[PDB]
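A.B. asks: Fold the following.
(chains A, B, C, D, E and F)
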Amino acid sequence: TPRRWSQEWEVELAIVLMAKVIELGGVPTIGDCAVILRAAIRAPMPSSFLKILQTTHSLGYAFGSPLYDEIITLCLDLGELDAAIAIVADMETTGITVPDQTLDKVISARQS
Amino acid sequence: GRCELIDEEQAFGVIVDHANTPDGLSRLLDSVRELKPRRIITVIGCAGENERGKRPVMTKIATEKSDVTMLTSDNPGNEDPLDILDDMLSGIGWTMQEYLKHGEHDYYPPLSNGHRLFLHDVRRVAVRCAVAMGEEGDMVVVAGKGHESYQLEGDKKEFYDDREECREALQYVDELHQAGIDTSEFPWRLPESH
Amino acid sequence: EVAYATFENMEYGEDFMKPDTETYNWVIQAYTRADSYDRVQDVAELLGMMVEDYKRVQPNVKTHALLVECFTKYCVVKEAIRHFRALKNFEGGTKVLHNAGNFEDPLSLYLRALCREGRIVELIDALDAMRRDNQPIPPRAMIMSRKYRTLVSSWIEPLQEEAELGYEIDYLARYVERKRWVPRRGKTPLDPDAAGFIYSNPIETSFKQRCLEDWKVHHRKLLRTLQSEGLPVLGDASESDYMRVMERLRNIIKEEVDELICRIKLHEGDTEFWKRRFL
Amino acid sequence: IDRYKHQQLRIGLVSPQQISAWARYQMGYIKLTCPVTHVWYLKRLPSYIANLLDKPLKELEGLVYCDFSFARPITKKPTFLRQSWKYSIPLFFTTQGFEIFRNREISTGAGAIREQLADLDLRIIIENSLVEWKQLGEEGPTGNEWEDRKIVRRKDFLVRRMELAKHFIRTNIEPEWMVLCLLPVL
Amino acid sequence: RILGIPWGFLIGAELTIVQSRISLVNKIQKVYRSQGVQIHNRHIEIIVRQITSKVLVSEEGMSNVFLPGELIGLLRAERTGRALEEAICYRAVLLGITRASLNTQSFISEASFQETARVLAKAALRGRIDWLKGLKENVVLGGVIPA
Amino acid sequence: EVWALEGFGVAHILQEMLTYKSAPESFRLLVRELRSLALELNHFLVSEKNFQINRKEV
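C.D. replies: Residues are numbered from 1 along each chain as shown, chains lettered A, B, ... in the order given. Provided below are the atomic coordinates:
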């Protein structure tokens, strides 16, 4: 019996395939990373964001700040504050700017 | 000259200009927008074989600054006019195939800003359709030549002028609406088409 | 034809001149690289003859590689995946199928076929097989549309619409790259550079669409079995349950009943069932 | 062991280039003023040109056997335009442009067949025909014999169209040669 | 139904074709025998081998290998049914004499027999290759007869 | 008679009777009339030694 499609399964397979292609010396584009990111955002899944951003940053890309705003606001809507601050720390160690109008959510992620 | 008004009676402005580069057309659309037209229609074209880079850039101008724009041939030389149009369309992520498919789908969609983008290789028809797009208080800019009396298209340069193509046309373009040719969008909605 | 004439000389000759595995390889290569006509039926005939020779001929690496070449140059991917899944077991099989990157590139054509047909659960297996061989991705596999998508994402549900990148696209910079997209008057060449196939690449289908199609096809086969075997394929059920489950199948093609659908078996695989039905 | 005598015959439609190349001793040609359909491919059923274009045979007969019919625009080039305005447009347009675009926008006679057939995307024909055959196969059989046999004839038509287009994309010939522009002379 | 899609078509063709061969050899030779005009079966069996040579791919046999309505030899159908999973399906056909010709690959043997314009039209659209073998298609070309 | 001669396999007599006793010029006529119907009846033979596609004189 074939497994039914799911957005989570599609994203997990996309991440695995992107890892394999990176191993094999391919180069995913900024567009491919943005599409995998958007597919993760279309699922209610937080854990994919860490992998996708770590990968795309290791490829040397950067998304524009509105995508990080979308990510962090969705992560807060999920309540995944530890994932949000991890993504922020990974941006900071990548050297990607996190403007204050996006960092306010991350300082307020230490309300408790 | 510059911003050269069609010296004929018209319900909406039509002006003709030499602007054939981004530097010319940017200041052209600035000047015409300062008049606050109800809508602006832009016709523009690029010579062939020369200054490749500018071709999509002027598109990026027009498609952001002109509520309608109508790309067409001008002096394409040995380059196919459709190649020039595809180079222009690349500036907003359309290919020639997107345009032609939407042609077969009878509906050229609006751009991300809600403006519309059209083309035709035959400059005479493109410019006269553009002036046929006009409504009371609209404006049209047709740019690229100003005073060049010829098309350098293919093996030859052949007699043609934008102004003398438009001047008399502004007095019979209303016969389109009299004959029921609904020009409110570029795939003209002729009620029976028969 | 000039190769098949020698093959027909051998296959109907004395035992000392009967085809071996290499003879089949060379004639399959002759057909799969023919210039001017469709050879799929001939390649399938030759394969069937090779299977008919099972007492004498067994396949090798090059045989499976040539068959994957055939079943991917022509859009026959449901058989290509099977021959590649056999090729996996031979070391350097993907090197052979890469064929040093000439005669187009059968490995790249295969990866593209799996991409556009959304067979990603096979595509990751092809990539792992290449990894085991240390075969790199050919550049020919990373072809993109004018919307920059690769096999890494071109099967994710928005097939040809790019995601938001957080900024406007730098169209004026991407123009610097000629690959104009004007559709020419009809002729043998192709406009999309992905279409190195004989007829054309597979129709662009998402992983969702491919999964949904496979689900439909599986349930349609289950319904065909249910309506051919009859109620005894459930056994301890009512004909009312049989009618209900037929309606459920027909619906999902277009609760206990799902457990009944779990109980109906299929025997598409091992012939040991059919080789007993025949008795 | 076998002496491997190999020889083969190929029959095929001839290009107009070959027609110009004609020039039991000699051959000649006529410069046709208008394209002309090959009667074996328009008329003699099943209509092969109709099987390519997916038009009813009555429509292709209309376009050249009837005294009045009109083609839609030809697919590969921009067009906008689609009483009858027959005179009016040659007033709204100069004839120097009108005669350039009109045949692109609307045409009649076998030239319409020639141009539409040369514009034909023989591959998207395969994709569309497979998609429609799949649709007609997943659609359930009807209880009406006339509708059922119509569906079956449609499936058969799509299969014939796939076969013809597949051969035209896998042979060194072109479908627009089904309409002649030069006629040979004995 | 009984043998399923991998084998039911193949053995159904086999049983149909062998039954047909037996029936045709009987019904044909019974005439000659009852008329007393004796003939050896090996002459009838070549004709009956041609009449029963093909099968047709049905609609459920739609594939990228074979299209529906395509006529393929029984050996081709058996071998591809063993080899491929590509939705192969076929049914035996009793190709009458006047349809075994006009389905004989050497297009000259078709055109010089009957329906000449229709044969030539199809074959020219198909760009068909008559790889010259057999006799009827060789005497037109004034050859040495591949026999 | 063609059927009988080719039944005997006596095919050089058949060739004589059908060609030089009166490609053969009648096959030239056949190809020329089809070529006049705008069909290229094209005759090739393949070199067994060199695979060269020699076009026959037609």
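
A.B. asks: ranges for the strands of the chain?
C.D. replies: No chain specified, so I'll use chain A. Using DSSP state E, chain A contains no strands.

A.B. asks: other chain: chain F
C.D. replies: F:42-46, F:53-55.

A.B. asks: how about the residue in chain D positioned nearest to chain A, what does it touch?
C.D. replies: Of all residues in chain D, residue D:138 sits closest to chain A, at 17.6 Å by CB to the nearest CB. From N, CA and C alone the C-beta is placed, and that goes for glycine too. By CB atoms under 8 Å, 6 or more residues apart in numbering or on different chains, the contact set of residue D:138 is residue C:254.

A.B. asks: if I look at the closest residue to chain C within chain E, how far off is residue E:9?
C.D. replies: In chain E, the residue that lies nearest chain C is residue E:79 (2.6 Å; CB to the nearest CB). Noted for residue E:79: a distance of 13 Å to residue E:9, by CB to CB, to the nearest Å.

A.B. asks: for residue C:148, same thing?
C.D. replies: Relative to residue E:9, and taking CB to CB, residue C:148 is found at 46 Å.

A.B. asks: What are the buried residues along stretch E:39-53?
C.D. replies: Neighbour-count burial for stretch E:39-53 flags E:44, E:48, E:51-53 (criterion: 16 or more other CB atoms under 10 Å in any protein chain shown).

A.B. asks: again with stretch D:132-150
C.D. replies: Buried-residue list, stretch D:132-150, by 16+ other CB under 10 Å: D:132-133.

A.B. asks: which of residue C:148 and residue E:9 has more neighbours?
C.D. replies: Taking neighbours as other CB atoms under 10 Å in any protein chain shown, residue C:148 and residue E:9 compare with residue E:9 leading, 24 against 17.

A.B. asks: What is the longest helix of chain E by residue count?
C.D. replies: Of all the segments of type helix in chain E, defined by DSSP state H, the longest one is helix E:4-34.

A.B. asks: The helix or strand following that one vs chain F: in contact?
C.D. replies: Downstream of helix E:4-34, the next assigned helix or strand under DSSP states H and E is helix E:41-51. No - remark: helix E:41-51 sits outside contact range of chain F, by CB under 8 Å from any CB of the partner chain, the gap being at least 12.2 Å.

A.B. asks: Who are the packing partners of helix E:41-51?
C.D. replies: Helix E:41-51 is packed against helix E:4-34, helix E:97-100, with contacts defined by 3 or more CB pairs under 8 Å, 6 or more residues apart in numbering or on different chains; DSSP states H and E.

A.B. asks: Report all helices and strands that the next helix or strand after the shortest one contacts.
C.D. replies: So the one you mean is helix E:97-100. In the C-terminal direction, the helix or strand that comes right after helix E:97-100 (DSSP H and E) is helix E:107-111. With contacts taken as 3+ CB pairs under 8 Å, 6+ apart, helix E:107-111 sits against helix E:116-125, helix E:136-139.

A.B. asks: that older thread, quick check, nearest of the buried residues of stretch E:39-53 to chain B?
C.D. replies: Looking across the buried residues of stretch E:39-53 and measuring by CB to the nearest CB, the closest to chain B is residue E:53, at 45.4 Å.

A.B. asks: My guess is that closest one contacts residue E:73. True?
C.D. replies: Yes - taking contacts as CB atoms under 8 Å, residue E:53 lies within contact range of residue E:73: 5.7 Å.

A.B. asks: Surely residue F:27 touches residue E:141?
C.D. replies: Yes - with contact defined as CB under 8 Å, residue F:27 reaches residue E:141; the gap is 5.6 Å.
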